[PDB]
Structures are given as structure tokens and as C-alpha cells.
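Observations on the model geometry
Each chain, letter by letter, is given below.
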Amino acid sequence: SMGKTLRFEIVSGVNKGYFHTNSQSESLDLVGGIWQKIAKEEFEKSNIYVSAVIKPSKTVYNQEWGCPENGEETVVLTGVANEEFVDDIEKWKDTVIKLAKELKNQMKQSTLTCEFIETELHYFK
Amino acid sequence: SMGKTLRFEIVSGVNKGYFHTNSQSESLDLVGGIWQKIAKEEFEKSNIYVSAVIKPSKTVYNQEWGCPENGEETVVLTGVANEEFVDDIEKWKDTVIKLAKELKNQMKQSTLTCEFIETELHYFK
Amino acid sequence: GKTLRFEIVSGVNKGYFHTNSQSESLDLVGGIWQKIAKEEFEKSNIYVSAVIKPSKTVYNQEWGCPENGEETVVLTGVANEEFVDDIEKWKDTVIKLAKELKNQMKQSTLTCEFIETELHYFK
Ligand SMILES: Nc1ncnc2c1ncn2[C@@H]1O[C@H](CSCC[C@H](N)C(=O)O)[C@@H](O)[C@H]1O
Ligand SMILES: Nc1ncnc2c1ncn2[C@@H]1O[C@H](CSCC[C@H](N)C(=O)O)[C@@H](O)[C@H]1O
Ligand SMILES: Nc1ncnc2c1ncn2[C@@H]1O[C@H](CSCC[C@H](N)C(=O)O)[C@@H](O)[C@H]1O
Ligand SMILES: Nc1ncnc2c1ncn2[C@@H]1O[C@H](CSCC[C@H](N)C(=O)O)[C@@H](O)[C@H]1O
Ligand SMILES: Nc1ncnc2c1ncn2[C@@H]1O[C@H](CSCC[C@H](N)C(=O)O)[C@@H](O)[C@H]1O
Ligand SMILES: Nc1ncnc2c1ncn2[C@@H]1O[C@H](CSCC[C@H](N)C(=O)O)[C@@H](O)[C@H]1O
């Protein structure tokens, strides 16, 4: 593998007071379910399924701007555009952006980051 | 040097139907111990030790393709090629690829992603 | 290729801080980062926010690694052009804080990587 592809990374808060969750495991399950829901909805329209690897985390920023002491509970979502599944990388990028905005809405987040990083994918099967 | 080098990232499932681990921390230890073993075996042959930073995760894809509701338990392994230890970036890359295939086999996975990403390493010691 | 992100891998020094779980180690590192980032922001108007993840780092038992890995924390953060006017000064700030983190966590060695990234920010 010498050609390049992309990976995305999204950082989202988990809004435990709105969703009535009380643990990292509950937040991961919630984000997993929401992502599965919206990713399937977009797959049905475009044949692009943005699968995601989601990790528990906390995000540390200024207490003045709303951060709890020691950090806000967050989830990181990351995923590669696998060339075996993705014909059109620009259409995949548009789909990730669409889903990131929808995740922001579903999670009731005020702001949200979505990054694209160049990567060289070796796929073992 | 400017520290221009590579990092790798692997995403592996944990085969609960095979290992019967009963928590996220047990899955982490299971993958960590396996990685520790195969990394040492390769180091004894090549003097390349691919150390790895491992994170708990859930991977979310279409339930039609076997994904449990809210995602499958996975582990993400990431590591840099530190020029302090690595003379030859291409041999390190070939070592990572060998270990990724070996991990896929030892974890009894049908597919496994292994990505290389360009990175600028600043090493403080 | 619009901007940069950093990633730092830190030990948690169980023998010094006496945390009992990965949740406590995460909070310990987070609180330390929150303080040094705030103090640097007052000086330079650059606030290096960080997304921190629990982890274990696996290396050779001959070099001190516990069986199945050492408990670690990964810190990662982007330079958001809406906040950051000077990417080189942000980079210098990240390095400054990473060294200060290494000191406060009583670590012997620490990695700090920079990766090119294209940031889309939704508000
Ligand atoms: N994220 C993903 N993970 C696993 N398999 C995927 C996938 N996205 C797509 N596939 C597989 O690819 C099939 C065809 S969808 C992709 C069609 C075409 N390559 C395109 O880019 O438009 C899916 O039904 C599924 O079998
Ligand atoms: N990718 C990233 N890198 C670094 N800091 C980030 C980040 N994404 C978010 N942050 C930090 O965390 C803050 C958001 S906290 C999570 C979002 C918030 N609950 C809301 O509703 O908007 C940002 O202001 C920034 O300081
Ligand atoms: N992943 C790793 N983490 C920490 N130390 C490592 C390491 N890999 C190698 N080392 C250190 O480097 C020593 C020499 S290994 C030979 C390295 C040589 N420059 C090459 O590229 O072939 C190891 O015994 C260990 O002390
Ligand atoms: N790096 C990555 N980025 C995005 N999705 C990924 C991914 N790695 C795996 N996936 C998703 O997760 C699915 C695999 S689940 C993990 C492997 C499985 N247990 C097996 O034994 O084959 C992939 O088909 C894809 O949909
Ligand atoms: N890490 C961060 N996360 C979120 N907002 C941030 C931030 N760093 C700075 N800001 C935002 O930037 C505002 C002004 S400080 C930045 C001043 C100027 N752009 C400079 O480069 O010096 C803060 O009040 C806050 O709203
Ligand atoms: N970014 C990275 N990628 C891969 N391995 C890493 C790494 N950062 C650290 N390691 C591994 O973990 C070891 C450090 S363990 C954590 C630091 C230690 N507590 C100290 O105070 O020095 C390194 O020798 C290397 O083998």
C-alpha cells in the first residue's frame, strides 16, 4: 500500500444532564447508538457508511468557558476511508461532515470539531 | 533532525466468543499481554521493538454486517517510530505490518486495519 | 493541511500520586493540565486545550514495563485558527506545556508529536 486515504476525528461532549447518564460506559453506548442510527440513515441515501471507532475521554479547557474541574467528559470518534469500500474520497468527506453536524445536533453540543488527516491504510483480510 | 517520522494505528476486536473476557479492563490486558509477547519475539529477531499505546474503544458499523447494537468492543493500538531507537524507518514499518498480521491471527479476527501517519516527534528525556 | 494537532503520551506515576483507578489517573492528569494551560493562557493568550484518553503503554519488561502495560494518558489537541493567530507560537506553547507536564508528573521521558490536520469547526 503506497496510495493515501483519509481518516476523520470528531470530539463530542456527552451532555450527561440531558441524557440522564452516569458513567463513561453509558456515554459510550449512547454515542455508539446515535452514530449507528445516523450513519445507517446516510448509508441508505448514498451507499457511504462512515464507520467509527469511539474512545472515552475527557476534554480539558478553561473553567471560565464551562469546563468542570479536571475536564469535561467527552467521546472521540475516529475512522478511516477504506478504499475497498469508498469509491469517491471527496463524497466520503462530505458525508463525514454531514454526520458531524448531525451528531452535534443529536448530542445538543454548542460547538464541535471534525478533523481530516492523511493516512496510509494497510488492510488485512 | 526535525523529527519527521511515522506512527501506526491498529484497530482490533477482542473475540469475546473465544476469550470470554468479562470487562473492558480484561480485554485491554488480554490485548496488551499478547502484544507484549509478539513484540518481544520480533525484537529478538530484528532488534526492533514496536511499543504500543493501547486504548479501549467501541467500533460502530452496520448491524446488518454483525455489529452489536451500540458497537463492538475493540482496542486501538498506536505507536511512534522513535529515531532514538529506530535506525531504519522502512524496516520498522515492515515490522509493524508483520505484527499487525500476527495480532489479527492471535486475536482470531477476520479483518484488521493498520494505518501509517506522518508525524513530527519531539522526544523529551 | 490547514493546521496542526499535538499528541502527548504521559505516564501517571502510581508510586508518587497513589491513584487507584484509570478514572482517578485521568482526573489527576486533567487537573494538572488545566492549571498549567490556564497559567500559560494568562501570559500569552494561547490556551492549549487537550482531549485526554485513558490507555496502557506496552513495552519490554526488561525496560521496566509491568505485565500487560504501564497505565498512561494520551493528550491530544488541535490548533483552531479561530482562536490561534500564530501556529508557530502555538507549537512553541505546546512544547513548553509538555515539558512542564513531564516535570509535574515526575516522568523520565515523554513523547510530543505534531500531525498535520484539516480542521472543520462547527458552531
Ligand atoms: N464502513 C464500512 N465497513 C464495512 N463494510 C462496508 C463499509 N462501507 C461499505 N461497506 C461494504 O461495501 C458495501 C457496498 S457500499 C459502497 C459501494 C461503493 N464502493 C461506493 O463507494 O459507493 C456495503 O454494503 C458493505 O458490504
Ligand atoms: N479537537 C479538540 N482539540 C482541542 N481542544 C478541543 C477540541 N475539541 C474541543 N476542544 C475544547 O473543548 C471545548 C468544547 S467541550 C465539548 C463541547 C461543549 N460541551 C459544547 O456544547 O460546545 C472547546 O471549547 C475547546 O476548548
Ligand atoms: N520501543 C522501545 N522503547 C524503549 N526502548 C527501546 C525501544 N526499542 C529499543 N529500545 C532500546 O534500544 C536498545 C537497542 S535495540 C537496537 C536499536 C538499533 N538502533 C536499530 O534500529 O536496530 C534496546 O535494547 C532498548 O534498550
Ligand atoms: N479503522 C477503522 N475505521 C473505521 N471503521 C473501522 C475501522 N476498523 C474497523 N472498522 C469497522 O469495524 C468493522 C470490523 S469489527 C472488528 C473486526 C471483526 N471482529 C472481525 O473479526 O473481522 C469493519 O468492517 C468496519 O466497519
Ligand atoms: N482552547 C480554546 N478553546 C476554546 N476557546 C478558546 C481557546 N483558546 C482561545 N479561545 C477563545 O478565544 C477567546 C479570546 S483569546 C484569543 C486571542 C487571539 N485570537 C490570540 O491569538 O491571542 C477566548 O475568550 C475564547 O473564547
Ligand atoms: N508515543 C509512543 N509510542 C510508542 N511507545 C511509546 C510512546 N511513548 C512511550 N512509549 C513507550 O513507553 C515507554 C515509556 S513508559 C511512560 C514513561 C515513563 N513512566 C517515564 O517516566 O519515562 C517508552 O520507553 C516506550 O517504550
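Residue indices run from 1 on each chain, following the sequence as it is written; they may not match the entry's numbering, and residues absent from the coordinates are omitted. All chains are assigned letters beginning with A, and all ligands numbers beginning with 1, in the order in which they are written. For side-chain calculations, the full set of non-hydrogen atoms in the structure is used, while hydrogens and water are omitted.

Looking at the overall build of chain A
Counting its regular elements, chain A contains three helices and four strands. Going from N to C terminus, chain A has its helices and strands arranged as β-α-α-β-β-α-β. Projected onto the principal axes, the alpha-carbon positions of chain A cover approximately 45 × 30 × 25 Å. Each residue is assigned to one of three classes by its accessible area relative to the maximum for its type, calculated with a 1.4 Å probe on protein chains only: buried under 20%, partly exposed between the two thresholds, exposed over 50%. Burial analysis of chain A (125 residues in total) assigns 58% to the buried set. The long-range share in chain A, meaning contacts at least 24 apart out of those at least 6 apart in sequence, stands at 70%. Using a 1.4 Å probe, accessible areas were evaluated by the Shrake-Rupley method; residue-level cover was limited to the displayed protein chains. If you sum the accessible surface of chain A, you get close to 5,600 Å²; carbon and sulfur atoms cover 47% of it. Averaged over its 15 positive side-chain charges, chain A has a centre that lies 3 Å from the centre of its 20 negative ones. What counts as a helix is a DSSP run of H or I of at least four residues, what counts as a strand is a run of E of at least two, and both are numbered from the N terminus. Residues are treated as being in contact if the distance between any of their heavy atoms lies within 4.5 Å. Charge counting follows a simple rule: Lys and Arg are positive, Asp and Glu are negative, and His as well as the terminal groups are ignored. Charge placement uses NZ in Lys and CZ in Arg. For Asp and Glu, CG and CD serve respectively.

Structural notes on the interface of chain A and chain C
Of the residues lining the interface, 32 residues belong to chain A; the matching set on chain C comes to 26 residues. Approximately 2,400 Å² of surface area, both sides summed, lies buried where chain A meets chain C, with 58% of it carried by carbon and sulfur atoms. Note on terms: buried area is the combined drop in 1.4 Å-probe accessible area of two parts once they are placed together, counting the loss on both. When the buried area of chain A at its contact with chain C is split by residue, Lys 58, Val 60 and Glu 115 of chain A rank highest and sum to 24% of it. Whenever a carboxyl oxygen of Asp or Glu lies within 4 Å of a side-chain nitrogen of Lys or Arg, that contact is scored as a salt bridge. At the junction of chain A with chain C, the criterion picks out four salt bridges. Here a polar contact is taken to be a pair of N or O atoms separated by no more than 3.5 Å, where protein atoms must pair a possible hydrogen donor with a possible acceptor and residues adjacent in sequence count only if both atoms sit in side chains. Where chain A meets chain C, there are 17 residue pairs in polar contact. Those elements giving two or more residues to the side of chain A that touches chain C turn out to be β1 (5-13), β2 (52-60), β3 (72-80), α3 (89-106) and β4 (112-124) of chain A.

Remarks on the packing of aromatic side chains
Geometry of aromatic contacts follows a simple scheme: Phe, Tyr and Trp rings, the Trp one being its six-membered ring, pair when their centres are within 6.5 Å, and the pair is stacked under 30 degrees between planes, edge-to-face over 60, tilted otherwise. Across all of its chains, the model carries 24 aromatic pairs over all chains by this definition. Measuring from ring centre to ring centre gives 6.1 Å for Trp 92 of chain A and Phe 116 of chain A, while their planes differ by 65°; the resulting arrangement is edge-to-face. Of the two residues, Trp 92 of chain A sits in helix α3 while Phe 116 of chain A sits in strand β4, which places them 24 residues apart along the sequence. Considered together, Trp 92 of chain A and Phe 116 of chain A belong to a single accessibility category, that of buried residues. An aromatic cluster of at least three residues, connected via ring pairs, comprises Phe 8, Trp 35, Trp 92 and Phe 116 of chain A. Between the NZ or CZ atom of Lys 93 of chain B and the centre of the ring of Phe 116 of chain B, over which it lies, the distance is 5.4 Å. Either the NZ atom of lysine or the CZ atom of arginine qualifies as a charge over a ring when it sits within 6 Å of the ring centre and within 35 degrees of the ring normal. A cation over an aromatic ring shows up here: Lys 91 of chain C above the ring of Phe 114 of chain C, its NZ or CZ 5.4 Å from the ring centre.

Re the site of ligand 2
Nearness of a residue to a molecule or strand requires only that one of the residue's heavy atoms be within 4 Å of it. What surrounds ligand 2 is a group of 14 residues, the closest being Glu 72, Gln 109, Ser 110 and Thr 111 of chain A together with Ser 49 of chain C. Mapping the residues near ligand 2 onto chains gives chains A and C. The separation between an oxygen atom of ligand 2 and a polar main-chain atom of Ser 110 of chain A is 2.7 Å. Note that an oxygen atom of ligand 2 is positioned 2.9 Å from one of the backbone N or O atoms of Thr 111 of chain A. If ligand 2 stood free it would expose 570 Å²; the protein chains cover 84% of that surface. Every element with two or more residues in the shell around ligand 2 is listed here: β1 and β4 of chain A together with β3 (70-78) of chain C. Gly is placed with the polar residues, together with every amino acid not listed as nonpolar (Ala, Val, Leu, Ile, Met, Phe, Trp, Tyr, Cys and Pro) or charged (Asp, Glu, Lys and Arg). By residue class, the composition of the shell around ligand 2 is four nonpolar, eight polar and two charged.

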